[PDB]
Amino acid sequence: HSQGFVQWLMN
Amino acid sequence: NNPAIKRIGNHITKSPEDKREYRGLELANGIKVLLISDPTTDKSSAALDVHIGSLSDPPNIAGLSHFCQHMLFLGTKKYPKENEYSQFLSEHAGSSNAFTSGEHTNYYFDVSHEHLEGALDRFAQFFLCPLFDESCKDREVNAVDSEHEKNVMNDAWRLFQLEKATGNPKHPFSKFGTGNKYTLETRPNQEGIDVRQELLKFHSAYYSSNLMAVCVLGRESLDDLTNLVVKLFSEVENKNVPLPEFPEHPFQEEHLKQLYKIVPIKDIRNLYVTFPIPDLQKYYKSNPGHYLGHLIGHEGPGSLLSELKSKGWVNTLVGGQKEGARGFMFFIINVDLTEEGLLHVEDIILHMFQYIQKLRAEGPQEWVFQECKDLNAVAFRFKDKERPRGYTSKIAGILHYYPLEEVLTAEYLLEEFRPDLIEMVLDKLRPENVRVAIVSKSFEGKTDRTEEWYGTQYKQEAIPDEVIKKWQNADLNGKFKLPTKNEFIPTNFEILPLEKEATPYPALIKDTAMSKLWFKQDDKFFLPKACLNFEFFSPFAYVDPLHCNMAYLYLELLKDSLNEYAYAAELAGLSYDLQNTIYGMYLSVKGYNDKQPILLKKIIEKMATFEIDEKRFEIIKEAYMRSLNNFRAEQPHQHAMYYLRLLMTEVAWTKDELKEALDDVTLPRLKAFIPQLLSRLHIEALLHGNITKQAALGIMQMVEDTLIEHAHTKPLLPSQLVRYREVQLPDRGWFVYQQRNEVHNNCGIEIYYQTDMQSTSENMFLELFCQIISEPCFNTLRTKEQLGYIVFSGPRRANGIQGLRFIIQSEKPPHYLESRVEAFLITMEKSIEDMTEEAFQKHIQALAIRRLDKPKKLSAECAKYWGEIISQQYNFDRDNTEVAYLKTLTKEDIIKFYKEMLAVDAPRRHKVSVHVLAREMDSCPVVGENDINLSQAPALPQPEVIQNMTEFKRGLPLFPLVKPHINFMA
């Protein structure tokens, strides 16, 4: 298919 | 006039279906703002996005940006309490989160609409006067380390960092953005760095109003919202920081025509092809990159995947543009590999270049562009109403890329056809600018390099000029053809008028031995969409391990068969979900109602007359086996949850039993299974949306008739409609089940305090108690004690039974983790005894708002109904009923509940623990025995260690099933 990374504070 | 406001944008373009009010503006300090007034919203929301991220981390302190994010929640000069923010949200039915990407740091929350200001005020201080307290810094550093640790053995994160490490090491793109204890504490310490000050500097340096965007949504008028935002944010200082830029691409000459061989953690086979490309963001009105992604990533007749799959080399494929940062992007084509595929990478890549050559040969097609333009316009016009929290977060982020007036439409509405841009990007997709990566265990022992931040093992070789030459000479392959008009594109969007006999909840309109049909015509969203949910009951889908494998394989084979044809429906906004369950099969069809009947009929027909391709069978079976084995690479806490499930459910086949039986499924065996699985069935469905009663009865009957005609299906006996029970733990009992995760070097644990069967009474006692301990749990086990990143508490519901569960992933051993939870439980007892009647009443109110929060879209309301049907409780008015009862509970009722079911000496404590030990941990006790500001953990009894699950369940009684709710009608 057609193309459509962050770190969080909380699980 | 207003000096605090630099300007108020013109009318914000929205969908004519969107009843929300909008106002864009820019503050004097340069903050871009979007205000949203929804007088009906139950929860208000706000988000702020700073256009600076990990890419701006100082070289000597990797992860500082992400650490600054964590720290802003821990206290401000105006609101010093480390948890004043989270505690306030929790008490007012709110929640919050935040994330850091390479160029962004996004913060957001939602809360009861009546407390927007209290929440916004505390929130604004994050960007005005954070404390960066020294004690919070030392503690919170462990949460960040814990966050990285869970990612270390994750293949996706490893590959993500490996690409960064494999580019120009001088480019900020090579930075490690997560950070950990080593980069945030150790290292800086052994270099005389006072992180407190570095955080103060970074914050003072980049958190400039000129790089900030804010979005607020509330019931208030646009004027009230304006004064509100002007009052809380116009004081943010504008330091006129230049927006970071990265014009030079991370992948330069010496980085192209390179091949990488990587060793994964899970047993996976993948091929990654990347091309460096220019930043295409500014071309959002035409999206040349997505144009090529649409074509190269196309599935369906004549596509690249089609030929790759027919040759039995690939199963799935993803193509399109991938984000980089202001100044650079990539174009990728990633494919998964079959065993044969692993040995034909060179041919696979040539096929890619052959298909790309076809695109150059045919030239850009305006009809393809028009089609996507029309589809996007329809999608925008009928877009489902979003939940406030995710909406504000999204707008805050995109306010940095588009004019205020276009912030809603920019990502949907296409305007320019650019054959010149399309050709320009197509000219970058050439063999001499390619990067190739292969992921396979077959590289174990053959690698000569190691990625420092994750430990990824790989080899790097240059691609031989002749291989590049062969690819450069790719010529047209007769198998590759452009797609044809998408016939699933909807055209009928009329909203049927609300029938005279319309009900507020799903009504039972068909109750036969063959099927039970629940129906509801949409009475509030008014979009041309529908949700058709079907549950097929059959004892043979889960009778034994072998049949579970066949139920799975069959449906997986079916979806692989319909894929090519279903893709068109997908692009047209019509999707479906088909999977096997422990009770049979689940089928869901949603999207524009217009063409659903056609997709549905096709699925059922195909189901009842399926012909298995032998080659597809071996390939999908090999992958399924790999998939079962790969469970060992899952995280410790996921293992703990898996074990508890197996332990508490009457019937459940383990993954080990499944793969062991997998060698026994032969093509002949599968062919016999299918007709037997479909011979006897019962169907329970919920048709909800823009459809009439007769259309619904019609759709239901069409499904039955298709099965009857092709599979001679007959009704199932009522007594055959069985639901599994939950194991009934004995009063004052405590069992422990211990296991070891052999991949991750962390421990996992789940503690389950079973209470009783579900009911209005039992439900609210448990939910009120969870509401009261929720934030304190997080604050105590994580923020203060820093046990781990993953610290969770809440109710556990299964097979009609319920209870309180705790889930923690940590470096500390399970028996220690258990001790801390027991200590926390005591703290909550005292805490509840010490809280005022008003604070208690405040939690009741918070729980009430959470339970009565109305769904914003059709699928969410449908989900709530589906939940009542699947659980067979059919309590559609549950929220009003349970809340009315909740408003009667006293502090005394909860104290009694705790002392009777939860306390360590409770007469009816039913406790079970799942201990998952770390990789580097041989053994570990099940129970263990100062005052470092830590509360005192009570002494625990001796637990009965579970050696065999089957025996454990046999020696215990089983709970009954919850009685249905009377929903009467023919």
# chains A, B, ... in the order shown; residues from 1 in each chain; ligands from 1
call {"tool": "closest_atom_pairs", "arguments": {"of": "chain B", "to": "chain A", "cutoff": "10 Å", "atoms": "only C-alpha atoms", "output": "Markdown table"}}
result
| residue | atom | partner | partner_atom | distance |
| --- | --- | --- | --- | --- |
| B:53 | CA | A:6 | CA | 9.9 |
| B:54 | CA | A:6 | CA | 9.6 |
| B:66 | CA | A:7 | CA | 7.5 |
| B:67 | CA | A:9 | CA | 9.2 |
| B:69 | CA | A:9 | CA | 7.4 |
| B:70 | CA | A:9 | CA | 5.8 |
| B:71 | CA | A:9 | CA | 9.5 |
| B:73 | CA | A:9 | CA | 9.3 |
| B:96 | CA | A:10 | CA | 8.7 |
| B:97 | CA | A:9 | CA | 6.0 |
| B:98 | CA | A:9 | CA | 5.6 |
| B:99 | CA | A:8 | CA | 4.4 |
| B:100 | CA | A:6 | CA | 5.3 |
| B:101 | CA | A:6 | CA | 4.7 |
| B:102 | CA | A:6 | CA | 8.0 |
| B:104 | CA | A:6 | CA | 9.2 |
| B:105 | CA | A:6 | CA | 9.2 |
| B:106 | CA | A:8 | CA | 9.6 |
| B:107 | CA | A:9 | CA | 9.5 |
| B:143 | CA | A:9 | CA | 8.7 |
| B:144 | CA | A:9 | CA | 8.4 |
| B:147 | CA | A:7 | CA | 8.2 |
| B:148 | CA | A:7 | CA | 9.1 |
| B:156 | CA | A:5 | CA | 9.5 |
| B:157 | CA | A:5 | CA | 8.1 |
| B:160 | CA | A:5 | CA | 8.0 |
| B:177 | CA | A:7 | CA | 8.4 |
| B:178 | CA | A:7 | CA | 6.7 |
| B:289 | CA | A:3 | CA | 9.5 |
| B:290 | CA | A:2 | CA | 7.3 |
| B:291 | CA | A:2 | CA | 9.1 |
| B:292 | CA | A:2 | CA | 8.6 |
| B:293 | CA | A:2 | CA | 4.9 |
| B:294 | CA | A:2 | CA | 5.1 |
| B:295 | CA | A:2 | CA | 7.9 |
| B:296 | CA | A:2 | CA | 7.6 |
| B:297 | CA | A:1 | CA | 4.3 |
| B:298 | CA | A:1 | CA | 5.5 |
| B:299 | CA | A:1 | CA | 6.5 |
| B:305 | CA | A:1 | CA | 9.0 |
| B:316 | CA | A:1 | CA | 8.2 |
| B:317 | CA | A:1 | CA | 6.1 |
| B:318 | CA | A:1 | CA | 4.7 |
| B:319 | CA | A:2 | CA | 5.1 |
| B:320 | CA | A:3 | CA | 4.5 |
| B:321 | CA | A:3 | CA | 6.1 |
| B:322 | CA | A:3 | CA | 7.0 |
| B:323 | CA | A:4 | CA | 9.7 |
| B:331 | CA | A:3 | CA | 9.2 |
| B:332 | CA | A:3 | CA | 8.4 |
| B:333 | CA | A:3 | CA | 9.1 |
| B:334 | CA | A:1 | CA | 9.9 |
| B:567 | CA | A:1 | CA | 8.7 |
| B:571 | CA | A:1 | CA | 9.8 |
| B:778 | CA | A:10 | CA | 9.7 |
| B:789 | CA | A:11 | CA | 6.7 |
| B:790 | CA | A:11 | CA | 5.5 |
| B:791 | CA | A:11 | CA | 7.5 |
| B:792 | CA | A:11 | CA | 8.1 |
call {"tool": "select_by_dssp", "arguments": {"residues": "region 270-386 of chain B", "states": "strand (DSSP E or B)", "output": "PDB file with C-alpha atoms, in the first residue's frame"}}
result
ATOM      1  CA  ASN B 270      12.238  -8.131   5.051  1.00  0.00           C
ATOM      2  CA  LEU B 271      13.662  -6.091   2.202  1.00  0.00           C
ATOM      3  CA  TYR B 272      13.904  -2.302   2.501  1.00  0.00           C
ATOM      4  CA  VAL B 273      14.580  -0.117  -0.530  1.00  0.00           C
ATOM      5  CA  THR B 274      15.173   3.591   0.000  1.00  0.00           C
ATOM      6  CA  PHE B 275      15.759   6.567  -2.248  1.00  0.00           C
ATOM      7  CA  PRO B 276      16.807   9.990  -0.970  1.00  0.00           C
ATOM      8  CA  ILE B 277      14.469  12.708  -2.195  1.00  0.00           C
ATOM      9  CA  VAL B 314       6.552 -11.342  -1.491  1.00  0.00           C
ATOM     10  CA  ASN B 315       3.382 -11.140   0.606  1.00  0.00           C
ATOM     11  CA  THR B 316       2.985  -7.462   1.423  1.00  0.00           C
ATOM     12  CA  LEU B 317       4.418  -4.202   0.130  1.00  0.00           C
ATOM     13  CA  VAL B 318       4.547  -0.558   1.203  1.00  0.00           C
ATOM     14  CA  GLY B 319       5.533   2.252  -1.127  1.00  0.00           C
ATOM     15  CA  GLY B 320       5.499   6.015  -0.879  1.00  0.00           C
ATOM     16  CA  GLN B 321       7.250   8.986   0.625  1.00  0.00           C
ATOM     17  CA  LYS B 322       8.600   8.895   4.144  1.00  0.00           C
ATOM     18  CA  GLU B 323       9.163  12.008   6.194  1.00  0.00           C
ATOM     19  CA  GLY B 324      12.620  13.247   7.055  1.00  0.00           C
ATOM     20  CA  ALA B 325      12.705  16.842   8.260  1.00  0.00           C
ATOM     21  CA  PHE B 328      14.916  16.169   3.069  1.00  0.00           C
ATOM     22  CA  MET B 329      12.713  13.104   2.671  1.00  0.00           C
ATOM     23  CA  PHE B 330      12.981   9.555   1.441  1.00  0.00           C
ATOM     24  CA  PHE B 331      11.027   7.407  -0.931  1.00  0.00           C
ATOM     25  CA  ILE B 332      10.646   3.825   0.139  1.00  0.00           C
ATOM     26  CA  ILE B 333       9.495   0.488  -1.199  1.00  0.00           C
ATOM     27  CA  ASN B 334       9.575  -2.123   1.545  1.00  0.00           C
ATOM     28  CA  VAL B 335       8.528  -5.682   1.082  1.00  0.00           C
ATOM     29  CA  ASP B 336       8.366  -8.768   3.277  1.00  0.00           C
ATOM     30  CA  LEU B 337      10.069 -11.909   1.975  1.00  0.00           C
TER      31      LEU B 337
END
call {"tool": "residues_around", "arguments": {"residues": "residue 340 (chain B)", "least_positions_apart": "2", "cutoff": "12 Å", "atoms": "only C-alpha atoms", "output": "ChimeraX atom specification"}}
result
/B:269,308-315,336-338,342-348,615,618-619,622
call {"tool": "write_last_selection", "arguments": {"atoms": "N, CA and C atoms", "output": "short mmCIF file (atom, residue, chain, number, x, y, z; two decimals), in the first residue's frame"}}
result
data_model
loop_
_atom_site.label_atom_id
_atom_site.label_comp_id
_atom_site.auth_asym_id
_atom_site.auth_seq_id
_atom_site.Cartn_x
_atom_site.Cartn_y
_atom_site.Cartn_z
N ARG B 269 11.64 -11.73 7.74
CA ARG B 269 12.33 -11.62 6.47
C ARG B 269 11.85 -10.39 5.73
N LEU B 308 4.95 -9.81 -7.70
CA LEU B 308 5.85 -10.28 -6.65
C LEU B 308 5.23 -11.41 -5.84
N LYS B 309 3.92 -11.33 -5.67
CA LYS B 309 3.21 -12.34 -4.91
C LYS B 309 2.98 -13.59 -5.76
N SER B 310 2.65 -13.39 -7.04
CA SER B 310 2.42 -14.50 -7.96
C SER B 310 3.68 -15.35 -8.09
N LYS B 311 4.83 -14.69 -8.04
CA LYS B 311 6.10 -15.39 -8.13
C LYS B 311 6.45 -15.99 -6.78
N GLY B 312 5.53 -15.86 -5.83
CA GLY B 312 5.75 -16.40 -4.50
C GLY B 312 6.96 -15.83 -3.79
N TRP B 313 7.33 -14.60 -4.12
CA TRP B 313 8.48 -13.95 -3.50
C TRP B 313 8.14 -12.96 -2.38
N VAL B 314 6.97 -12.35 -2.46
CA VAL B 314 6.55 -11.34 -1.49
C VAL B 314 5.11 -11.56 -1.04
N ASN B 315 4.75 -11.02 0.12
CA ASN B 315 3.38 -11.14 0.61
C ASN B 315 2.74 -9.77 0.76
N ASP B 336 8.01 -7.69 2.37
CA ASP B 336 8.37 -8.77 3.28
C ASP B 336 8.78 -9.91 2.35
N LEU B 337 9.57 -10.85 2.84
CA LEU B 337 10.07 -11.91 1.97
C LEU B 337 9.70 -13.33 2.34
N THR B 338 9.37 -14.12 1.32
CA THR B 338 9.06 -15.52 1.53
C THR B 338 10.45 -16.14 1.53
N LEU B 342 13.70 -14.50 -0.27
CA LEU B 342 14.99 -14.18 0.32
C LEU B 342 16.13 -14.46 -0.66
N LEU B 343 15.95 -15.48 -1.50
CA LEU B 343 16.97 -15.85 -2.47
C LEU B 343 16.82 -15.15 -3.82
N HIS B 344 15.84 -14.25 -3.95
CA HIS B 344 15.63 -13.53 -5.20
C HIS B 344 15.54 -12.02 -5.06
N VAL B 345 16.22 -11.49 -4.05
CA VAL B 345 16.21 -10.07 -3.81
C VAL B 345 16.59 -9.27 -5.05
N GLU B 346 17.61 -9.72 -5.77
CA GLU B 346 18.05 -9.01 -6.96
C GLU B 346 16.96 -8.92 -8.03
N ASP B 347 16.19 -9.99 -8.20
CA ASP B 347 15.12 -9.99 -9.19
C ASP B 347 13.96 -9.13 -8.69
N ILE B 348 13.69 -9.22 -7.39
CA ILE B 348 12.62 -8.44 -6.80
C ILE B 348 12.87 -6.96 -7.06
N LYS B 615 0.20 -23.20 -3.35
CA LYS B 615 1.38 -22.39 -3.09
C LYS B 615 1.17 -21.33 -2.02
N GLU B 618 1.24 -22.94 1.58
CA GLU B 618 2.52 -23.25 2.20
C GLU B 618 3.20 -21.99 2.71
N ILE B 619 3.09 -20.93 1.93
CA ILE B 619 3.70 -19.65 2.28
C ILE B 619 3.06 -19.05 3.52
N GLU B 622 3.92 -21.10 6.65
CA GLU B 622 5.28 -20.88 7.12
C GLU B 622 5.33 -19.58 7.94
#
call {"tool": "residues_around", "arguments": {"residues": "region 679-681 of chain B", "least_positions_apart": "5", "cutoff": "12 Å", "atoms": "only C-alpha atoms", "output": "PyMOL selection string"}}
result
chain B and resi 512-516+535-541+583-585+608+672-674+704+707-718+720-721
call {"tool": "residues_around", "arguments": {"residues": "region 828-841 of chain B", "least_positions_apart": "5", "cutoff": "12 Å", "atoms": "only C-alpha atoms", "output": "PyMOL selection string"}}
result
chain B and resi 87-88+90-92+768-777+780+821-823+846-848+886-899+902-904+935
call {"tool": "write_last_selection", "arguments": {"atoms": "N, CA, C and O atoms", "output": "compact mmCIF listing (two decimals), in the first residue's frame"}}
result
# COMPACT_ATOMS: atom_id res chain seq x y z
N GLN B 87 -2.87 15.38 38.67
CA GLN B 87 -3.91 15.23 39.67
C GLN B 87 -5.16 16.05 39.34
O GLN B 87 -6.29 15.60 39.54
N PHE B 88 -4.96 17.26 38.83
CA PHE B 88 -6.08 18.12 38.49
C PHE B 88 -6.86 17.55 37.30
O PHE B 88 -8.09 17.63 37.27
N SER B 90 -6.98 14.33 36.41
CA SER B 90 -7.61 13.12 36.90
C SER B 90 -8.91 13.36 37.66
O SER B 90 -9.89 12.63 37.49
N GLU B 91 -8.92 14.40 38.49
CA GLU B 91 -10.09 14.73 39.28
C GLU B 91 -11.16 15.41 38.45
O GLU B 91 -12.28 15.61 38.91
N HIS B 92 -10.83 15.78 37.22
CA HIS B 92 -11.82 16.42 36.38
C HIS B 92 -12.04 15.71 35.06
O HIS B 92 -12.26 16.34 34.03
N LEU B 768 -15.21 2.97 40.78
CA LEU B 768 -15.00 4.15 41.60
C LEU B 768 -13.63 4.04 42.24
O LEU B 768 -12.84 4.98 42.23
N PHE B 769 -13.35 2.86 42.79
CA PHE B 769 -12.07 2.61 43.43
C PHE B 769 -10.90 2.81 42.46
O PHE B 769 -9.86 3.34 42.84
N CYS B 770 -11.07 2.39 41.20
CA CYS B 770 -10.02 2.56 40.20
C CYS B 770 -9.82 4.03 39.83
O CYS B 770 -8.70 4.47 39.56
N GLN B 771 -10.91 4.78 39.81
CA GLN B 771 -10.86 6.20 39.51
C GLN B 771 -10.07 6.94 40.60
O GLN B 771 -9.29 7.84 40.30
N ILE B 772 -10.27 6.54 41.85
CA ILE B 772 -9.60 7.16 42.98
C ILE B 772 -8.11 6.83 43.08
O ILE B 772 -7.32 7.66 43.51
N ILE B 773 -7.72 5.62 42.68
CA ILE B 773 -6.32 5.24 42.78
C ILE B 773 -5.52 5.43 41.50
O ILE B 773 -4.30 5.37 41.51
N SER B 774 -6.21 5.67 40.39
CA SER B 774 -5.56 5.83 39.10
C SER B 774 -4.34 6.75 39.06
O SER B 774 -3.22 6.29 38.81
N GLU B 775 -4.53 8.05 39.29
CA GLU B 775 -3.40 8.97 39.24
C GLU B 775 -2.43 8.69 40.38
O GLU B 775 -1.21 8.67 40.17
N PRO B 776 -2.94 8.45 41.60
CA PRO B 776 -2.01 8.18 42.70
C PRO B 776 -1.13 6.96 42.41
O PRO B 776 0.03 6.91 42.82
N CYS B 777 -1.69 5.98 41.70
CA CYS B 777 -0.93 4.78 41.37
C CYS B 777 0.26 5.16 40.51
O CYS B 777 1.39 4.79 40.79
N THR B 780 2.76 7.29 42.43
CA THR B 780 3.52 6.54 43.43
C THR B 780 4.47 5.49 42.87
O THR B 780 5.65 5.45 43.23
N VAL B 821 3.38 -2.80 45.40
CA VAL B 821 1.97 -2.66 45.08
C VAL B 821 1.13 -2.85 46.36
O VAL B 821 0.16 -2.13 46.59
N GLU B 822 1.52 -3.82 47.18
CA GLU B 822 0.81 -4.07 48.43
C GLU B 822 0.97 -2.86 49.35
O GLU B 822 0.04 -2.47 50.06
N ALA B 823 2.16 -2.26 49.32
CA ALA B 823 2.43 -1.08 50.12
C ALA B 823 1.54 0.05 49.60
O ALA B 823 0.95 0.80 50.38
N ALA B 846 -16.13 12.78 38.32
CA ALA B 846 -15.14 12.55 37.28
C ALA B 846 -15.46 11.24 36.55
O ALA B 846 -15.44 11.18 35.32
N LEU B 847 -15.75 10.20 37.33
CA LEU B 847 -16.08 8.90 36.76
C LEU B 847 -17.36 9.02 35.91
O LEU B 847 -17.45 8.48 34.81
N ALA B 848 -18.34 9.75 36.43
CA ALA B 848 -19.60 9.95 35.74
C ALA B 848 -19.39 10.57 34.35
O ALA B 848 -19.95 10.09 33.37
N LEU B 886 -23.93 5.09 40.72
CA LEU B 886 -22.65 5.56 41.20
C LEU B 886 -22.81 6.79 42.10
O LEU B 886 -22.09 6.95 43.09
N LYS B 887 -23.75 7.66 41.75
CA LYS B 887 -23.99 8.87 42.51
C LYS B 887 -24.62 8.64 43.88
O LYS B 887 -25.01 9.59 44.55
N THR B 888 -24.72 7.38 44.28
CA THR B 888 -25.31 7.04 45.57
C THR B 888 -24.28 6.47 46.52
O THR B 888 -24.52 6.38 47.72
N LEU B 889 -23.13 6.07 45.99
CA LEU B 889 -22.08 5.49 46.83
C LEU B 889 -21.50 6.48 47.83
O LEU B 889 -21.41 7.68 47.57
N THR B 890 -21.12 5.97 49.00
CA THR B 890 -20.52 6.80 50.03
C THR B 890 -19.08 6.38 50.21
O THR B 890 -18.67 5.34 49.70
N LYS B 891 -18.32 7.18 50.93
CA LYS B 891 -16.94 6.84 51.17
C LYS B 891 -16.93 5.51 51.93
O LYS B 891 -16.06 4.66 51.74
N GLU B 892 -17.95 5.32 52.77
CA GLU B 892 -18.06 4.10 53.56
C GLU B 892 -18.21 2.85 52.70
O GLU B 892 -17.65 1.80 53.02
N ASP B 893 -18.98 2.95 51.61
CA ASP B 893 -19.17 1.82 50.71
C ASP B 893 -17.86 1.36 50.10
O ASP B 893 -17.61 0.16 49.97
N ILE B 894 -17.02 2.31 49.71
CA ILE B 894 -15.73 1.98 49.12
C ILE B 894 -14.76 1.42 50.16
O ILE B 894 -13.97 0.53 49.85
N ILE B 895 -14.81 1.93 51.39
CA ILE B 895 -13.94 1.43 52.44
C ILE B 895 -14.31 -0.03 52.71
O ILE B 895 -13.44 -0.90 52.82
N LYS B 896 -15.62 -0.29 52.79
CA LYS B 896 -16.12 -1.64 53.03
C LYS B 896 -15.71 -2.56 51.89
O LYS B 896 -15.25 -3.68 52.13
N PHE B 897 -15.87 -2.09 50.66
CA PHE B 897 -15.50 -2.86 49.48
C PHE B 897 -14.03 -3.27 49.57
O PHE B 897 -13.68 -4.43 49.35
N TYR B 898 -13.17 -2.30 49.88
CA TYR B 898 -11.74 -2.56 49.98
C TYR B 898 -11.38 -3.55 51.10
O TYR B 898 -10.57 -4.47 50.90
N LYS B 899 -11.97 -3.34 52.27
CA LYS B 899 -11.71 -4.21 53.41
C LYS B 899 -12.26 -5.61 53.22
O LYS B 899 -11.76 -6.57 53.80
N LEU B 902 -10.28 -6.37 48.86
CA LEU B 902 -8.91 -6.02 48.51
C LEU B 902 -7.80 -6.05 49.55
O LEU B 902 -6.68 -6.46 49.23
N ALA B 903 -8.08 -5.59 50.77
CA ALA B 903 -7.07 -5.57 51.83
C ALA B 903 -6.31 -6.90 51.96
O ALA B 903 -6.87 -7.96 51.68
N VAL B 904 -5.05 -6.84 52.38
CA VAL B 904 -4.24 -8.04 52.54
C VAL B 904 -4.86 -9.08 53.48
O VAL B 904 -4.56 -10.27 53.40
N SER B 935 6.92 3.82 51.61
CA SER B 935 5.92 3.36 52.56
C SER B 935 6.27 1.94 53.01
O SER B 935 7.10 1.27 52.40
call {"tool": "select_by_dssp", "arguments": {"residues": "region 387-471 of chain B", "states": "helix (DSSP H, G or I)", "output": "PyMOL selection string"}}
result
chain B and resi 388-398+404-406+419-426+431-433+441-443+465-471
call {"tool": "atom_distance", "arguments": {"atom1": "CA of residue 487 (chain B)", "atom2": "CA of residue 530 (chain B)"}}
result
19.0 Å
call {"tool": "closest_residue", "arguments": {"among": "B:876, B:425, B:389, B:304", "to": "residue 478 (chain B)", "atoms": "only C-alpha atoms"}}
result
B:304
call {"tool": "closest_residue", "arguments": {"among": "B:816, B:752, B:123, B:534", "to": "residue 796 (chain B)", "atoms": "only C-alpha atoms"}}
result
B:752
call {"tool": "residues_around", "arguments": {"residues": "region 850-862 of chain B", "least_positions_apart": "6", "cutoff": "8 Å", "atoms": "only C-alpha atoms", "output": "ChimeraX atom specification"}}
result
/B:42-43,93,384-387,522,525,529-531,688-689,879-880,883
call {"tool": "write_last_selection", "arguments": {"atoms": "N, CA, C and O atoms", "output": "short mmCIF file (atom, residue, chain, number, x, y, z; two decimals), in the first residue's frame"}}
result
data_model
loop_
_atom_site.label_atom_id
_atom_site.label_comp_id
_atom_site.auth_asym_id
_atom_site.auth_seq_id
_atom_site.Cartn_x
_atom_site.Cartn_y
_atom_site.Cartn_z
N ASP B 42 -18.40 17.16 25.60
CA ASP B 42 -18.37 16.87 27.02
C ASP B 42 -16.99 17.12 27.60
O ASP B 42 -16.85 17.42 28.78
N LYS B 43 -15.97 16.99 26.76
CA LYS B 43 -14.61 17.22 27.20
C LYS B 43 -13.98 18.31 26.37
O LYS B 43 -14.17 18.37 25.16
N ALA B 93 -11.99 14.37 35.10
CA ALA B 93 -12.23 13.53 33.94
C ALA B 93 -11.30 13.84 32.77
O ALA B 93 -11.69 13.72 31.61
N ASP B 384 -15.36 11.76 9.83
CA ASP B 384 -15.98 11.54 11.14
C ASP B 384 -15.51 12.59 12.14
O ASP B 384 -14.35 13.00 12.12
N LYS B 385 -16.39 13.01 13.04
CA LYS B 385 -16.02 13.98 14.05
C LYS B 385 -14.96 13.35 14.96
O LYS B 385 -15.15 12.26 15.51
N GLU B 386 -13.83 14.03 15.11
CA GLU B 386 -12.73 13.54 15.93
C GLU B 386 -12.90 13.76 17.43
O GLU B 386 -13.69 14.59 17.87
N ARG B 387 -12.17 13.00 18.22
CA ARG B 387 -12.21 13.18 19.67
C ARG B 387 -11.36 14.44 19.88
O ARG B 387 -10.31 14.60 19.25
N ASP B 522 -28.96 5.25 12.11
CA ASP B 522 -28.23 6.37 12.70
C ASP B 522 -29.16 7.56 12.95
O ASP B 522 -29.89 8.00 12.06
N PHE B 525 -25.33 11.23 13.65
CA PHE B 525 -24.11 11.66 12.93
C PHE B 525 -24.44 12.09 11.53
O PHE B 525 -23.76 12.98 10.98
N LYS B 529 -22.62 6.60 5.90
CA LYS B 529 -21.82 5.44 6.29
C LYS B 529 -22.60 4.42 7.09
O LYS B 529 -23.67 4.72 7.61
N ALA B 530 -22.05 3.22 7.19
CA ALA B 530 -22.70 2.15 7.95
C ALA B 530 -21.68 1.15 8.51
O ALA B 530 -20.58 0.99 7.99
N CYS B 531 -22.09 0.48 9.58
CA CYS B 531 -21.27 -0.54 10.22
C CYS B 531 -22.06 -1.84 10.24
O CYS B 531 -23.12 -1.91 10.86
N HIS B 688 -25.71 -1.01 11.80
CA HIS B 688 -25.87 0.34 12.34
C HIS B 688 -25.34 1.42 11.40
O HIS B 688 -24.19 1.39 10.99
N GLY B 689 -26.20 2.38 11.07
CA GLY B 689 -25.77 3.45 10.19
C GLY B 689 -26.85 4.04 9.31
O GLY B 689 -28.02 4.12 9.68
N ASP B 879 -24.83 3.05 30.76
CA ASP B 879 -24.23 4.29 31.25
C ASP B 879 -25.14 5.14 32.14
O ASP B 879 -24.70 5.65 33.16
N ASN B 880 -26.40 5.30 31.76
CA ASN B 880 -27.31 6.10 32.57
C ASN B 880 -27.63 5.36 33.86
O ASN B 880 -27.68 5.95 34.94
N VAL B 883 -24.32 5.08 36.20
CA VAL B 883 -23.96 6.40 36.74
C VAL B 883 -24.94 6.83 37.83
O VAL B 883 -24.53 7.34 38.88
#
call {"tool": "atom_distance", "arguments": {"atom1": "CA of residue 38 (chain B)", "atom2": "CA of residue 413 (chain B)"}}
result
23.7 Å
call {"tool": "closest_residue", "arguments": {"among": "B:911, B:6, B:485, B:645", "to": "residue 755 (chain B)", "atoms": "only C-alpha atoms"}}
result
B:911
call {"tool": "closest_residue", "arguments": {"among": "B:377, B:901, B:33, B:25", "to": "residue 397 (chain B)", "atoms": "only C-alpha atoms"}}
result
B:33
call {"tool": "residues_around", "arguments": {"residues": "residue 80 (chain B)", "least_positions_apart": "3", "cutoff": "12 Å", "atoms": "only C-alpha atoms", "output": "PyMOL selection string"}}
result
chain B and resi 72-77+83-85+122+125-126+129-133+136
